[PDB]
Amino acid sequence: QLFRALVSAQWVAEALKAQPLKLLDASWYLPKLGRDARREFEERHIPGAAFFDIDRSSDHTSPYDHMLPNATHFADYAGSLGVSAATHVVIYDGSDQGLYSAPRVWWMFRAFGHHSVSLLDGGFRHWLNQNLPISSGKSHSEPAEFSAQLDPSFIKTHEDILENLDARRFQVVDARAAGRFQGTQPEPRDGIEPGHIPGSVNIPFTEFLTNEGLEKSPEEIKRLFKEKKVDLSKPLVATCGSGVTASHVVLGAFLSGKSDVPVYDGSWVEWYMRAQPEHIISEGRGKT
């Protein structure tokens, strides 16, 4: 029914030695982490990989963060990294969590009509742990022909989130850390304060991942949604800070057989900026 979302390190390592495969490092870190993803790629990466810069695949005209680009922009960029319609794209990142920003890129390719895409389970962390082969040097690829076309069903807008406060057609699940959702930990963006969307439920993205940074099983993921009173038989929308880690909610749903979980791309940054005071639920004190 669905093209597989996960591939293993061992399957990738074997495939390297043997529908072309394109490995993409989509690492991206918030400034306060003090890490530079592209610099790290140049030092060490999976052999043959290219670096997918999520800042080259976003709408910089927006005041909000990590917003989808238009289809032409995406297509041009994917093609420049050597992706074609026949390609099996496998995305990874080098996060401490295992996967962090890579699931956004999996979701983006699918939203743009490219369904033969997967994530490297455990990311570069696991790859390194296993002492698998690595390469260095700046990113490069020959170009390929790529077309894209956005399926709007992959997205919810601010207007949709606001209407749903009353209509209650879909469940909203927020992948931010618990303290950000509750209002007790800061938002990384200056001018944005923490808290959550009324009626939403928190499943921090780390809840989908084991202690080794691998994805939990579909069985454990279904249990996790059920315990949080999230019903995979009803409509579900994923949100987070800027629409990136929300994709872990989409992924865990997809692995559970529910492949139609849109992302609220605007996410908390947009919600906060466009809010009236009643729209911010927080243990913290509302802005004066």
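For every residue, the number given is its place in the sequence shown, counted from 1.
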Would you determine, from the values in the PDB entry, which of 214-222 and 86-94 has the greater average C-alpha temperature factor?
-> 214-222
Of 226-234 vs 52-60, the stretch with the larger average CA B-factor in the entry is 226-234
C-alpha B-factor winner, where the candidates are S256, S247, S27, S242 | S256
Just grab whichever of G122, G113, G191, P103 has the top CA B-factor as deposited.
-> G191
Using the B-factors in the PDB entry, rank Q149's C-alpha atom against the chain and give the third, lowest, middle or highest.
-> highest
Should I280 be placed in the lowest, middle or highest third of its chain by the C-alpha B factor in the entry?
-> middle
Name the third of the chain's ranked CA B-factors that contains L81, choosing lowest, middle or highest.
-> lowest
Taking the entry's C-alpha B-factors for this chain, is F181 in the lowest, middle or highest third?
-> highest
Chain third (lowest, middle, highest) by recorded CA B-factor, residue given as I203 | highest
